[PDB]
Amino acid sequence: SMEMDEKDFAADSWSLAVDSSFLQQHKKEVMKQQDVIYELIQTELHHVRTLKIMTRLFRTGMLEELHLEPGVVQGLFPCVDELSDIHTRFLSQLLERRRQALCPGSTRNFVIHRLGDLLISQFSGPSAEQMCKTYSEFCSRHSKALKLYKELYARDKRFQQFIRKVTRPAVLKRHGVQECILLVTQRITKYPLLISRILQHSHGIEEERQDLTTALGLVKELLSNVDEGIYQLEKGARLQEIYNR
């Protein structure tokens, strides 16, 4: 992540991020809504950072330092460029909505009142079709990626040295290769939990309550489509094992 966004989302909550004199100007219900919207954006910033560790630290490091056989790096990191494009674009829209809402003279005091429309746009039309296609492919290649990683780490000395080197820093403690893969697979199922809690505190404006209700339904439709489109790929599985599913 870049320092400007890390600092903007360093606090444990929106109520601790904004100036106390600004916090005291709002009702409790507004503070509750803003704290959950802040958690959705903060966790999206961290999810894009997980994807940057996968693309820049791991994938590109393996291409530039190691002599892996062709197709091995794509097998370890399936769909990572497509996932990075989807989420970096969504994060950009969330951060622009926050930036437009800032009070003049402030880089931290804002209230986001219209998140629903942004979520409907993300989870409908071509962006939802791309999210569905990409997660159905990524999640179906998840087992294969973990098995390929385990095989290389156990048998290739230069690969083991590379992994131990780039994951040594304390800031990578939660972000080894397998940990990144499962963080990405689990991201999509965090959205309904966050949206339902934002919706719980968004009854003040009926148009907002209706828009978040529509977005929650679109997210659950996307998850149902992805879940029905998954079948784990396995290296060496024979056609007979597949057609006898």
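The term rigid core refers to the most C-alpha atoms you can superpose between the two forms while keeping them within 1.5 Å. Numbering starts at 1 and follows the sequence shown.
Stretch 62-70 versus stretch 47-55: after rigid core alignment, which one is farther off in C-alpha RMS in 9 other deposited structures of this protein?
Of 62-70 and 47-55, the stretch deviating more in 9 other deposited structures of this protein is 62-70.
Mean Cα B-factor comparison, 183-191 or 56-64, giving the higher one as deposited
Per the PDB record, 56-64.
Report the stretch with the higher mean CA temperature factor, choosing between 154-162 and 102-110 on the basis of the entry.
Mean B over CA atoms: larger for 154-162.
Lowest, middle or highest third of the chain for the C-alpha temperature factor of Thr134?
Bottom third by C-alpha B-factor.
Position of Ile41 among the chain's modelled residues by C-alpha B-factor, lowest, middle or highest third
For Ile41, whose C-alpha B-factor we compare with every modelled residue in the chain, the answer is the lowest third.
Sorting the chain's modelled residues by C-alpha B-factor, tell me whether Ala170 ends up in the lowest, middle or highest third.
For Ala170, whose C-alpha B-factor we compare with every modelled residue in the chain, the answer is the highest third.
Please place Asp5 in the lowest, middle or highest third of its chain by C-alpha B factor as given in the entry.
For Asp5, the deposited C-alpha B-factor lands in the lowest third.
Classify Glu208 as lowest, middle or highest third according to the C-alpha B-factor given in the PDB entry, relative to its own chain.
According to the entry, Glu208 has a C-alpha B-factor in the chain's middle third.
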